[PDB]
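1. quick one, structure for this:
(4 chains)
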Amino acid sequence: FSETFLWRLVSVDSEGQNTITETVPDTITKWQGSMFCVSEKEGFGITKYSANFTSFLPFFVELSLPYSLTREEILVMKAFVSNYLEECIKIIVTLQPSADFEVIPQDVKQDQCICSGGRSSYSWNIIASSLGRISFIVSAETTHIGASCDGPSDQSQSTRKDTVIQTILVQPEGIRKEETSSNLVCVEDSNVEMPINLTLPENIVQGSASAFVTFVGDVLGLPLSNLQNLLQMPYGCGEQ
Amino acid sequence: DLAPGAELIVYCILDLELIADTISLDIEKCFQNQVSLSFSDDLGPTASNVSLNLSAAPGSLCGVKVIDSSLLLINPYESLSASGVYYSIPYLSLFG
Amino acid sequence: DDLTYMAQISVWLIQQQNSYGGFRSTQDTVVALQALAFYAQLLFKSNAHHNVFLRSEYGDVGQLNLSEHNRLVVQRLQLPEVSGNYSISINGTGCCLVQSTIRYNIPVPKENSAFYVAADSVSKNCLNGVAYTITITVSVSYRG
Amino acid sequence: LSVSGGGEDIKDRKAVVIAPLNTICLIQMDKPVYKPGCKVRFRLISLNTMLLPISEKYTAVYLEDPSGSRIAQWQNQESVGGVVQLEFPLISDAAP
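-> Numbers count the residues shown, from 1 in each chain, chains lettered A, B, ... in the order given. The structure is reproduced below:
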């Protein structure tokens, strides 16, 4: 969905290359492309400035969302509706609720007329019910009316509405605590076994706990990348 | 073919006597393997199957990276450029 | 049980290595490499031919190799179930430190607590842009 | 040096120095910072003063963390096309 656009390598056929790549429906904002080349005769090559592509719709909704939080805490999701289309038309929104959270509006669910360049917004007061992954799905749709702020509210065609799905994560509520156990087990060319006891207290938040095991050895760590530089002819003052 | 520093000296001879004078000169940080990329065109809708045509040497194998721009704006980019690499090049020339 | 007391502390030292070459001073590196060497000589079995296998009370499964070309790296595994009732088995040779790690989150029954807390700020809404004149105050007490 | 002909020959001697060195190597990333657990994807190249694609042996490459634990390691590689791409799946549960 959205972290990069492209990362690859191709050879050349006497002109370069016209690579064809799909476009992500997550055309959020502009995209920077840079590349490199090498030739066995006249050398290496880079850009002057990166090819900066862009793509979007004149009318849509951008969302303002936070990083992460805990379940019991509330927040206020927000989203601008933005128009670049010339005509001034009334718009409304659709939201998908889910049990992983609770939502309270601000009591103004008003479809509204926005003109060219104009923007409005709406927000939702959200608490959480699940933990971990959280997603929200909404859609901006055009409303039809003839006697509007200015003439009929044009409706374009079937794809007059767009859907957006965006995800963050939510964390456990209280105070976190970690414990560990250790064992240097050294086996002389044989088999050695050990059970593992991991018991936890009672009042812990449900599902909060998570356990994991690590396997290292030591001393063999960095005795090689250290030798090549710790030797030199001593010159200077006597003490140093 | 000329590094950003160029050492030019002009000289001549007068029997037992010589003359010579030199100066270093500034050159742009340019390479030879020209390369040109183009999406055609920009600002469209989510137009998948979009094309990026590029031109370079007729014999070559090489690579490409297209990424976001918000990171570009926010964080101090490592200047991965001919400038930096040529600067990293050692023994470009010697004083004395 | 020198091994017990020693693996973790050697590991701390190793982790706090310096990529510079040497460390902030000399005496530190001197006595360090002294102890590292003596550790190695009371240790350093050359070959570490190794394989390990983790299970649970009812059939957990994990088999990991361990050779020189593998020994330089740390190995890892999350654990799927709730409360740890597992087992480990090893064939071959080698000195390996193994670590078990659990994280959890505890609440307090906030309704009747033995701590009193009160947090507040200088301003509450900025509206000057941000009136940066912002101190944060808190008052706390313990009853029990 | 010595120049000889029917007119006259003159001989002289001075000193020079010769220098065996390596090829500049570098890594191109995709992005500066990532999501935890993902594949860190990058390319390694190296050329000397010729700057023309010349093949060298990628001796050894590895990754280091604040813990100093090597986690992405590849040994004895070579540039098929003057470049080699490596990637590594990060850890989701990562402290910055």
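2. any idea how far apart the tips of stretch A:1-15 sit?
-> From its first residue to its last, stretch A:1-15 covers 32 Å (CA to CA, to the nearest Å).
3. which of the residues in that stretch are buried?
-> Residues of stretch A:1-15 classed as buried: A:4, A:5, A:6, A:7, A:9, A:10, A:12 (neighbour count, 16 or more other CB atoms under 10 Å in any protein chain shown). Yep, even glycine has a C-beta here, placed from its N, CA and C like the rest.
4. using JSON lines, please lay out those residues together with distance to residue C:77 and secondary structure.
-> Listed next are those as JSON lines, based on distance: CB to CB, whole Å; DSSP: H, G, I helix; E, B strand; the rest coil:
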{"residue": "A:4", "distance to residue C:77": "29", "secondary structure": "strand"}
{"residue": "A:5", "distance to residue C:77": "34", "secondary structure": "strand"}
{"residue": "A:6", "distance to residue C:77": "34", "secondary structure": "strand"}
{"residue": "A:7", "distance to residue C:77": "30", "secondary structure": "strand"}
{"residue": "A:9", "distance to residue C:77": "34", "secondary structure": "strand"}
{"residue": "A:10", "distance to residue C:77": "39", "secondary structure": "strand"}
{"residue": "A:12", "distance to residue C:77": "45", "secondary structure": "coil"}
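5. of these, which is the nearest to residue D:28?
-> Taking CB to CB as the measure, residue D:28 lies nearest residue A:7 of the buried residues of stretch A:1-15, at 9.7 Å.
6. now, the most widely separated pair of the buried residues of stretch A:1-15?
-> Maximum pairwise distance among these (CB to CB): 23.1 Å, between A:4 and A:12.
7. which SS class is the nearest residue to residue A:195 once chain neighbours are set aside?
-> In space, residue A:195 comes closest to residue C:87 once its chain neighbours are excluded; the distance is 4.7 Å by CB to CB, 6 or more residues apart in numbering or on different chains. Secondary structure, DSSP: H, G, I helix; E, B strand; the rest coil: residue C:87 is strand.
8. measure how far the longest helix anywhere in chain B is from the centre of its chain, please.
-> Criterion DSSP state H: the longest helix present in chain B is helix B:82-88. Counting by CA atoms, centre = their mean, to the nearest Å, helix B:82-88 is centred 8 Å from the centre of its parent chain.
9. quick one: contacts of it?
-> For helix B:82-88, the external contacting residues (CB atoms under 8 Å, 6 or more residues apart in numbering or on different chains) are A:46, B:3, B:4, B:29, B:30, B:31, B:92, D:24, D:26.
10. identify the residue spatially nearest to residue 53, adjacent ones excluded.
-> Just going to use chain A. residue A:31 (4.5 Å).
11. hm, I was asking about chain D
-> Nearest residue to residue D:53, sequence neighbours excluded (CB to CB, 6+ apart): residue D:82, at 3.7 Å.
12. how near is that neighbour to residue B:75?
-> 29 Å (CB to CB, to the nearest Å).
13. please apply the same query to residue C:32.
-> With distances taken as CB to CB, residue C:32 is found 37 Å from residue B:75.
14. buried stuff in the lengthiest strand in chain C?
-> Assignment by DSSP state E gives strand C:94-106 as the longest strand of chain C. Under the neighbour-count criterion of 16+ other CB under 10 Å, strand C:94-106 has C:94-106 buried.
15. next, the contact list for the closest residue to chain B within chain C, please.
-> Per CB to the nearest CB, residue C:19 is where chain C lies closest to chain B, at 18.9 Å. Contacts for residue C:19 (CB under 8 Å, 6+ apart) come out as residue D:64.
16. am I right that it is in a strand?
-> No: counting by three-state DSSP, residue C:19 is not found in a strand; it is coil.
17. contacts only, for the residue lying closest to residue A:153 once chain neighbours are set aside.
-> Excluding its sequence neighbours, the residue lying closest to residue A:153 (CB to CB, 6+ apart) is residue A:89, at 4.2 Å. Residues near residue A:89 by CB under 8 Å, 6+ apart: A:83, A:113, A:114, A:142, A:143, A:148, A:153, A:154, A:155.
18. does chain D have contacts with the helix or strand where residue C:64 lies?
-> Using DSSP states H and E, residue C:64 sits in strand C:62-66. No: Strand C:62-66 stays clear of chain D (CB under 8 Å from any CB of the partner chain), getting no nearer than 14.5 Å.
19. show me what contacts residue 61?
-> Reading this off chain A. A:79, A:80, A:81, A:82, A:93, A:138, A:140, A:162, A:164.
20. ah, no, chain C please
-> By CB under 8 Å, 6+ apart, the neighbours of residue C:61 are C:53, C:54, C:55.
21. and the strand holding residue C:64, which strands flank it?
-> strand C:50-56 (antiparallel) (DSSP bridges).
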